[PDB]
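Visitor: Got a file for you: input-v4.pdb, PDB, C-alpha atoms.
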```
ATOM      1  CA  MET A   1       0.000   0.000   0.000  1.00  0.00           C
ATOM      2  CA  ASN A   2       1.212   3.477  -0.408  1.00  0.00           C
ATOM      3  CA  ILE A   3       0.633   7.059   0.339  1.00  0.00           C
ATOM      4  CA  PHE A   4      -1.288   7.562  -2.811  1.00  0.00           C
ATOM      5  CA  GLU A   5      -3.660   4.770  -2.064  1.00  0.00           C
ATOM      6  CA  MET A   6      -3.948   5.728   1.511  1.00  0.00           C
ATOM      7  CA  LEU A   7      -4.958   9.324   0.670  1.00  0.00           C
ATOM      8  CA  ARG A   8      -7.397   8.377  -1.983  1.00  0.00           C
ATOM      9  CA  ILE A   9      -9.152   6.309   0.579  1.00  0.00           C
ATOM     10  CA  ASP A  10      -9.115   8.942   3.111  1.00  0.00           C
ATOM     11  CA  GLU A  11      -9.943  11.986   1.006  1.00  0.00           C
ATOM     12  CA  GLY A  12     -12.289  10.577  -1.554  1.00  0.00           C
ATOM     13  CA  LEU A  13     -12.861  11.987  -5.040  1.00  0.00           C
ATOM     14  CA  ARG A  14     -15.328  14.641  -6.047  1.00  0.00           C
ATOM     15  CA  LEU A  15     -15.463  16.551  -9.353  1.00  0.00           C
ATOM     16  CA  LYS A  16     -17.380  19.588  -8.298  1.00  0.00           C
ATOM     17  CA  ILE A  17     -16.405  22.059  -5.599  1.00  0.00           C
ATOM     18  CA  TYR A  18     -17.656  20.933  -2.237  1.00  0.00           C
ATOM     19  CA  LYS A  19     -17.277  21.925   1.438  1.00  0.00           C
ATOM     20  CA  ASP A  20     -15.294  19.755   3.950  1.00  0.00           C
ATOM     21  CA  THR A  21     -16.622  19.233   7.498  1.00  0.00           C
ATOM     22  CA  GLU A  22     -14.978  22.397   8.601  1.00  0.00           C
ATOM     23  CA  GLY A  23     -16.778  24.498   6.007  1.00  0.00           C
ATOM     24  CA  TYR A  24     -13.857  25.016   3.677  1.00  0.00           C
ATOM     25  CA  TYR A  25     -13.887  24.714  -0.108  1.00  0.00           C
ATOM     26  CA  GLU A  26     -12.069  21.802  -1.836  1.00  0.00           C
ATOM     27  CA  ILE A  27     -12.263  19.639  -4.953  1.00  0.00           C
ATOM     28  CA  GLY A  28     -10.862  16.444  -6.436  1.00  0.00           C
ATOM     29  CA  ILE A  29      -8.942  14.361  -3.988  1.00  0.00           C
ATOM     30  CA  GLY A  30      -8.872  16.834  -1.104  1.00  0.00           C
ATOM     31  CA  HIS A  31      -7.321  19.802  -2.893  1.00  0.00           C
ATOM     32  CA  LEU A  32      -8.013  22.808  -0.701  1.00  0.00           C
ATOM     33  CA  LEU A  33      -9.233  25.794  -2.721  1.00  0.00           C
ATOM     34  CA  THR A  34      -9.907  28.418  -0.071  1.00  0.00           C
ATOM     35  CA  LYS A  35     -10.899  29.012   3.503  1.00  0.00           C
ATOM     36  CA  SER A  36     -12.740  32.072   2.505  1.00  0.00           C
ATOM     37  CA  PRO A  37     -16.509  31.608   2.802  1.00  0.00           C
ATOM     38  CA  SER A  38     -17.196  32.592  -0.887  1.00  0.00           C
ATOM     39  CA  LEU A  39     -17.878  30.121  -3.637  1.00  0.00           C
ATOM     40  CA  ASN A  40     -16.774  32.681  -6.222  1.00  0.00           C
ATOM     41  CA  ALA A  41     -13.370  32.933  -4.671  1.00  0.00           C
ATOM     42  CA  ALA A  42     -13.153  29.142  -4.649  1.00  0.00           C
ATOM     43  CA  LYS A  43     -13.975  29.055  -8.371  1.00  0.00           C
ATOM     44  CA  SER A  44     -11.436  31.667  -9.017  1.00  0.00           C
ATOM     45  CA  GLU A  45      -8.692  29.777  -7.319  1.00  0.00           C
ATOM     46  CA  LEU A  46      -9.698  26.641  -9.157  1.00  0.00           C
ATOM     47  CA  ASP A  47      -9.582  28.308 -12.605  1.00  0.00           C
ATOM     48  CA  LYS A  48      -6.188  29.648 -11.672  1.00  0.00           C
ATOM     49  CA  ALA A  49      -5.013  26.248 -10.619  1.00  0.00           C
ATOM     50  CA  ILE A  50      -6.463  24.412 -13.574  1.00  0.00           C
ATOM     51  CA  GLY A  51      -5.612  27.003 -16.064  1.00  0.00           C
ATOM     52  CA  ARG A  52      -9.131  27.403 -17.572  1.00  0.00           C
ATOM     53  CA  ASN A  53     -12.730  28.470 -16.829  1.00  0.00           C
ATOM     54  CA  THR A  54     -14.012  25.260 -15.326  1.00  0.00           C
ATOM     55  CA  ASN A  55     -17.280  26.636 -13.835  1.00  0.00           C
ATOM     56  CA  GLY A  56     -16.403  24.621 -10.684  1.00  0.00           C
ATOM     57  CA  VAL A  57     -16.316  21.153 -12.309  1.00  0.00           C
ATOM     58  CA  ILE A  58     -13.083  19.387 -13.242  1.00  0.00           C
ATOM     59  CA  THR A  59     -12.339  16.087 -14.861  1.00  0.00           C
ATOM     60  CA  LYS A  60     -10.825  13.013 -13.261  1.00  0.00           C
ATOM     61  CA  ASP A  61      -7.617  13.608 -15.142  1.00  0.00           C
ATOM     62  CA  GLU A  62      -7.500  17.126 -13.847  1.00  0.00           C
ATOM     63  CA  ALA A  63      -8.207  15.749 -10.440  1.00  0.00           C
ATOM     64  CA  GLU A  64      -5.251  13.444 -10.595  1.00  0.00           C
ATOM     65  CA  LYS A  65      -2.872  16.035 -11.707  1.00  0.00           C
ATOM     66  CA  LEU A  66      -3.651  18.227  -8.730  1.00  0.00           C
ATOM     67  CA  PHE A  67      -3.492  15.175  -6.438  1.00  0.00           C
ATOM     68  CA  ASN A  68       0.058  14.335  -7.554  1.00  0.00           C
ATOM     69  CA  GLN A  69       1.164  17.869  -7.193  1.00  0.00           C
ATOM     70  CA  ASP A  70      -0.286  18.082  -3.737  1.00  0.00           C
ATOM     71  CA  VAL A  71       1.409  15.038  -2.482  1.00  0.00           C
ATOM     72  CA  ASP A  72       4.650  16.142  -3.954  1.00  0.00           C
ATOM     73  CA  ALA A  73       4.376  19.467  -2.151  1.00  0.00           C
ATOM     74  CA  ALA A  74       3.722  17.725   1.115  1.00  0.00           C
ATOM     75  CA  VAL A  75       6.844  15.654   0.828  1.00  0.00           C
ATOM     76  CA  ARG A  76       8.880  18.605  -0.163  1.00  0.00           C
ATOM     77  CA  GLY A  77       7.656  20.554   2.722  1.00  0.00           C
ATOM     78  CA  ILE A  78       8.556  17.860   5.158  1.00  0.00           C
ATOM     79  CA  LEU A  79      11.954  17.599   3.665  1.00  0.00           C
ATOM     80  CA  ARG A  80      12.736  21.238   4.153  1.00  0.00           C
ATOM     81  CA  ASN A  81      11.239  21.618   7.594  1.00  0.00           C
ATOM     82  CA  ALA A  82      13.754  21.622  10.326  1.00  0.00           C
ATOM     83  CA  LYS A  83      11.357  20.104  12.774  1.00  0.00           C
ATOM     84  CA  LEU A  84       9.707  17.576  10.398  1.00  0.00           C
ATOM     85  CA  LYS A  85      12.711  16.137   8.578  1.00  0.00           C
ATOM     86  CA  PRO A  86      14.624  14.307  11.356  1.00  0.00           C
ATOM     87  CA  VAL A  87      11.465  12.707  12.505  1.00  0.00           C
ATOM     88  CA  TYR A  88      10.511  11.729   9.044  1.00  0.00           C
ATOM     89  CA  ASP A  89      13.880  10.364   8.395  1.00  0.00           C
ATOM     90  CA  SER A  90      13.835   8.337  11.476  1.00  0.00           C
ATOM     91  CA  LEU A  91      10.648   6.517  10.358  1.00  0.00           C
ATOM     92  CA  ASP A  92      10.058   3.166   8.385  1.00  0.00           C
ATOM     93  CA  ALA A  93       8.204   3.332   5.066  1.00  0.00           C
ATOM     94  CA  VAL A  94       4.776   2.768   6.526  1.00  0.00           C
ATOM     95  CA  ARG A  95       5.028   5.363   9.247  1.00  0.00           C
ATOM     96  CA  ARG A  96       6.501   7.913   6.761  1.00  0.00           C
ATOM     97  CA  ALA A  97       3.195   7.593   4.858  1.00  0.00           C
ATOM     98  CA  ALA A  98       1.208   8.379   7.981  1.00  0.00           C
ATOM     99  CA  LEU A  99       3.337  11.490   8.554  1.00  0.00           C
ATOM    100  CA  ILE A 100       2.793  12.685   4.959  1.00  0.00           C
ATOM    101  CA  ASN A 101      -0.986  12.034   5.450  1.00  0.00           C
ATOM    102  CA  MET A 102      -1.053  14.445   8.366  1.00  0.00           C
ATOM    103  CA  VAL A 103       0.903  17.055   6.434  1.00  0.00           C
ATOM    104  CA  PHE A 104      -1.412  16.745   3.552  1.00  0.00           C
ATOM    105  CA  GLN A 105      -4.392  17.296   5.788  1.00  0.00           C
ATOM    106  CA  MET A 106      -2.989  20.090   7.963  1.00  0.00           C
ATOM    107  CA  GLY A 107      -0.024  21.697   6.416  1.00  0.00           C
ATOM    108  CA  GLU A 108       3.640  21.749   7.493  1.00  0.00           C
ATOM    109  CA  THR A 109       2.966  24.222  10.149  1.00  0.00           C
ATOM    110  CA  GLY A 110       0.011  22.636  11.654  1.00  0.00           C
ATOM    111  CA  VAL A 111       1.876  19.348  11.925  1.00  0.00           C
ATOM    112  CA  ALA A 112       5.030  21.024  13.318  1.00  0.00           C
ATOM    113  CA  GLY A 113       2.732  22.069  16.230  1.00  0.00           C
ATOM    114  CA  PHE A 114       2.410  18.453  17.686  1.00  0.00           C
ATOM    115  CA  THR A 115       5.515  19.002  19.671  1.00  0.00           C
ATOM    116  CA  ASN A 116       4.970  16.179  22.047  1.00  0.00           C
ATOM    117  CA  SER A 117       3.776  13.624  19.684  1.00  0.00           C
ATOM    118  CA  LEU A 118       6.598  14.424  17.333  1.00  0.00           C
ATOM    119  CA  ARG A 119       9.086  13.939  20.046  1.00  0.00           C
ATOM    120  CA  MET A 120       7.715  10.542  20.930  1.00  0.00           C
ATOM    121  CA  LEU A 121       7.602   9.247  17.335  1.00  0.00           C
ATOM    122  CA  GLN A 122      11.177  10.140  17.047  1.00  0.00           C
ATOM    123  CA  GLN A 123      11.946   8.091  20.142  1.00  0.00           C
ATOM    124  CA  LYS A 124       9.891   5.147  18.818  1.00  0.00           C
ATOM    125  CA  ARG A 125       7.430   5.392  21.707  1.00  0.00           C
ATOM    126  CA  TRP A 126       4.585   4.329  19.593  1.00  0.00           C
ATOM    127  CA  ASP A 127       1.918   3.764  22.280  1.00  0.00           C
ATOM    128  CA  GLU A 128       2.915   6.951  24.020  1.00  0.00           C
ATOM    129  CA  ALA A 129       2.735   8.938  20.781  1.00  0.00           C
ATOM    130  CA  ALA A 130      -0.575   7.467  19.941  1.00  0.00           C
ATOM    131  CA  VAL A 131      -2.013   8.797  23.153  1.00  0.00           C
ATOM    132  CA  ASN A 132      -0.714  12.299  22.567  1.00  0.00           C
ATOM    133  CA  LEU A 133      -1.751  12.353  18.990  1.00  0.00           C
ATOM    134  CA  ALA A 134      -5.324  11.792  20.285  1.00  0.00           C
ATOM    135  CA  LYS A 135      -5.243  14.788  22.640  1.00  0.00           C
ATOM    136  CA  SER A 136      -5.708  17.246  19.877  1.00  0.00           C
ATOM    137  CA  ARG A 137      -8.227  19.314  17.979  1.00  0.00           C
ATOM    138  CA  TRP A 138      -7.415  17.219  14.936  1.00  0.00           C
ATOM    139  CA  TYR A 139      -8.782  14.136  16.585  1.00  0.00           C
ATOM    140  CA  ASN A 140     -12.101  15.798  17.395  1.00  0.00           C
ATOM    141  CA  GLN A 141     -12.426  17.267  13.923  1.00  0.00           C
ATOM    142  CA  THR A 142     -12.007  14.020  11.921  1.00  0.00           C
ATOM    143  CA  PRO A 143     -11.983  11.102  14.400  1.00  0.00           C
ATOM    144  CA  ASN A 144     -12.317   8.241  12.049  1.00  0.00           C
ATOM    145  CA  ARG A 145      -9.457   9.462   9.809  1.00  0.00           C
ATOM    146  CA  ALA A 146      -7.337  10.267  12.806  1.00  0.00           C
ATOM    147  CA  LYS A 147      -7.876   6.785  14.306  1.00  0.00           C
ATOM    148  CA  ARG A 148      -6.691   5.181  11.116  1.00  0.00           C
ATOM    149  CA  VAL A 149      -3.600   7.254  10.908  1.00  0.00           C
ATOM    150  CA  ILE A 150      -2.979   6.741  14.600  1.00  0.00           C
ATOM    151  CA  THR A 151      -3.141   3.018  14.375  1.00  0.00           C
ATOM    152  CA  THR A 152      -0.739   3.065  11.466  1.00  0.00           C
ATOM    153  CA  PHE A 153       1.780   4.939  13.656  1.00  0.00           C
ATOM    154  CA  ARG A 154       1.010   2.554  16.384  1.00  0.00           C
ATOM    155  CA  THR A 155       1.395  -0.618  14.401  1.00  0.00           C
ATOM    156  CA  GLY A 156       3.531   0.156  11.438  1.00  0.00           C
ATOM    157  CA  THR A 157       1.164  -1.916   9.278  1.00  0.00           C
ATOM    158  CA  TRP A 158      -1.773  -0.991   6.976  1.00  0.00           C
ATOM    159  CA  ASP A 159      -4.340  -2.961   8.936  1.00  0.00           C
ATOM    160  CA  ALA A 160      -6.362   0.076   9.544  1.00  0.00           C
ATOM    161  CA  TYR A 161      -6.908   0.336   5.907  1.00  0.00           C
ATOM    162  CA  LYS A 162      -8.471  -3.124   5.689  1.00  0.00           C
TER
END
```
Please lay out the structure from this file as structure tokens.
Guide:
Amino acid sequence: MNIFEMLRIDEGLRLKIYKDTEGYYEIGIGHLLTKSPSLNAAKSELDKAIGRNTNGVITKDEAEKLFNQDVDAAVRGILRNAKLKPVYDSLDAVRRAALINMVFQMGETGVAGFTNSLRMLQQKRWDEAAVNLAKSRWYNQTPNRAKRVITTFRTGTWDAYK
């Protein structure tokens, strides 16, 4: 299993602009368009992104293109983040996926804020980390997603995705 499969499962695929549970505008496979509460702004960003007047509806191909770019950006951000890199590099392939999943969902900064959890992951204190990862806003916002990712850090396997 990989990061790409993992995300597709967790983010889903939608061709028309929609709102996430927090009220923000996205499209495709979880591509965030804007946090502004204006559909017109969301369409505007989209057109910019896509390169054409899409009227808020993209194709599956277009969706995939954005998806690849987004995951690439996530990796790149981890790799240049002083606080994310060492942790990331300390991890096995499975757990690296879980870290990229978080970054994709919250951004480099948001993830850099789980000070405690990050410290524990680095020390391989899986169970400990898992508890701290649960004491967060993230966990209350998207509990089923968070559980899955947490278990993956906990176990180092993809069981949670079966």
Visitor: Could you give me, as JSON lines, every region 138-161 of chain A residue with an atom at most 9 Å from region 3-18 of chain A, plus its closest atom pair and distance in Å to one decimal, counting all atoms listed in the file, rows ordered by chain then number?
Guide:
```
{"residue": "A:145", "atom": "CA", "partner": "A:10", "partner_atom": "CA", "distance": 6.7}
{"residue": "A:158", "atom": "CA", "partner": "A:6", "partner_atom": "CA", "distance": 8.9}
{"residue": "A:161", "atom": "CA", "partner": "A:6", "partner_atom": "CA", "distance": 7.6}
```
Visitor: Write a file of the just-selected residues containing C-alpha atoms, as a PDB file, keeping the file's coordinate frame.
Guide:
```
ATOM      1  CA  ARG A 145      -9.457   9.462   9.809  1.00  0.00           C
ATOM      2  CA  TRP A 158      -1.773  -0.991   6.976  1.00  0.00           C
ATOM      3  CA  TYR A 161      -6.908   0.336   5.907  1.00  0.00           C
TER       4      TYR A 161
END
```
Visitor: Selected by the PyMOL selection byres ((chain A and resi 77-91) around 12) in the shown coordinates: which residues, as a PyMOL selection string?
Guide: chain A and resi 70-76+92-104+106-126+152-153+156
Visitor: Could you work out how far CA of residue 138 (chain A) lies from CA of residue 42 (chain A), giving the answer in Å with one decimal?
Guide: 23.6 Å
Visitor: I'd like to see the residues matched by the PyMOL selection byres ((chain A and resi 60) around 9) on this file, and ideally I'd get them as a compact mmCIF listing (two decimals) with C-alpha atoms, keeping the file's coordinate frame.
Guide:
```txt
# COMPACT_ATOMS: atom_id res chain seq x y z
CA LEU A 13 -12.86 11.99 -5.04
CA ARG A 14 -15.33 14.64 -6.05
CA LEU A 15 -15.46 16.55 -9.35
CA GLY A 28 -10.86 16.44 -6.44
CA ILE A 58 -13.08 19.39 -13.24
CA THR A 59 -12.34 16.09 -14.86
CA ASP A 61 -7.62 13.61 -15.14
CA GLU A 62 -7.50 17.13 -13.85
CA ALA A 63 -8.21 15.75 -10.44
CA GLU A 64 -5.25 13.44 -10.60
CA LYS A 65 -2.87 16.04 -11.71
```
Visitor: Please, what distance in Å, to one decimal, runs between CA of residue 151 (chain A) and CA of residue 25 (chain A)?
Guide: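 Result for CA of residue 151 (chain A) versus CA of residue 25 (chain A): 28.2 Å, one decimal.
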Visitor: Enter the distance from CA of residue 141 (chain A) to CA of residue 20 (chain A), in Å, rounded to one decimal.
Guide: 10.7 Å
Visitor: Considering all atoms listed in the file, return as a ChimeraX atom specification whatever protein or nucleic-acid residues lie within 12 Å of residue 19 (chain A), sequence-local ones (same chain, fewer than 2 positions apart) excluded.
Guide: /A:14,16-17,21-28,30-39,42
Visitor: When distances are computed from all atoms listed in the file, which of A:148, A:29, A:47, A:41 shows the smallest separation from residue 67 (chain A)?
Guide: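 Result for the nearest residue to residue 67 (chain A): A:29.
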Visitor: Would you save region 130-145 of chain A to a file, keeping N, CA and C atoms, as a short mmCIF file (atom, residue, chain, number, x, y, z; two decimals), in the first residue's frame?
Guide:
```
data_model
loop_
_atom_site.label_atom_id
_atom_site.label_comp_id
_atom_site.auth_asym_id
_atom_site.auth_seq_id
_atom_site.Cartn_x
_atom_site.Cartn_y
_atom_site.Cartn_z
N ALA A 130 0.80 7.66 20.26
CA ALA A 130 -0.58 7.47 19.94
C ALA A 130 -1.47 8.18 20.97
N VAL A 131 -1.17 8.06 22.24
CA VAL A 131 -2.01 8.80 23.15
C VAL A 131 -2.00 10.32 22.98
N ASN A 132 -0.83 10.86 22.72
CA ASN A 132 -0.71 12.30 22.57
C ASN A 132 -1.30 12.79 21.25
N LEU A 133 -1.23 11.93 20.25
CA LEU A 133 -1.75 12.35 18.99
C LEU A 133 -3.28 12.51 19.14
N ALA A 134 -3.87 11.74 20.09
CA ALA A 134 -5.32 11.79 20.28
C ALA A 134 -5.81 13.01 21.09
N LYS A 135 -4.90 13.60 21.88
CA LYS A 135 -5.24 14.79 22.64
C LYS A 135 -5.01 15.94 21.74
N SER A 136 -5.94 16.14 20.78
CA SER A 136 -5.71 17.25 19.88
C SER A 136 -7.02 17.68 19.32
N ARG A 137 -7.02 18.85 18.65
CA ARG A 137 -8.23 19.31 17.98
C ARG A 137 -8.48 18.41 16.79
N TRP A 138 -7.34 18.07 16.12
CA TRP A 138 -7.41 17.22 14.94
C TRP A 138 -8.30 16.04 15.16
N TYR A 139 -8.00 15.32 16.24
CA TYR A 139 -8.78 14.14 16.58
C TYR A 139 -10.27 14.34 16.77
N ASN A 140 -10.68 15.54 17.21
CA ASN A 140 -12.10 15.80 17.40
C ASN A 140 -12.77 16.20 16.12
N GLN A 141 -11.96 16.81 15.24
CA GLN A 141 -12.43 17.27 13.92
C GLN A 141 -12.77 16.15 12.92
N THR A 142 -11.86 15.15 12.84
CA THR A 142 -12.01 14.02 11.92
C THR A 142 -11.54 12.74 12.64
N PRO A 143 -12.35 12.25 13.59
CA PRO A 143 -11.98 11.10 14.40
C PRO A 143 -11.79 9.83 13.66
N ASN A 144 -12.60 9.52 12.69
CA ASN A 144 -12.32 8.24 12.05
C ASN A 144 -11.00 8.22 11.27
N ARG A 145 -10.69 9.33 10.54
CA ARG A 145 -9.46 9.46 9.81
C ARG A 145 -8.27 9.40 10.76
#
```
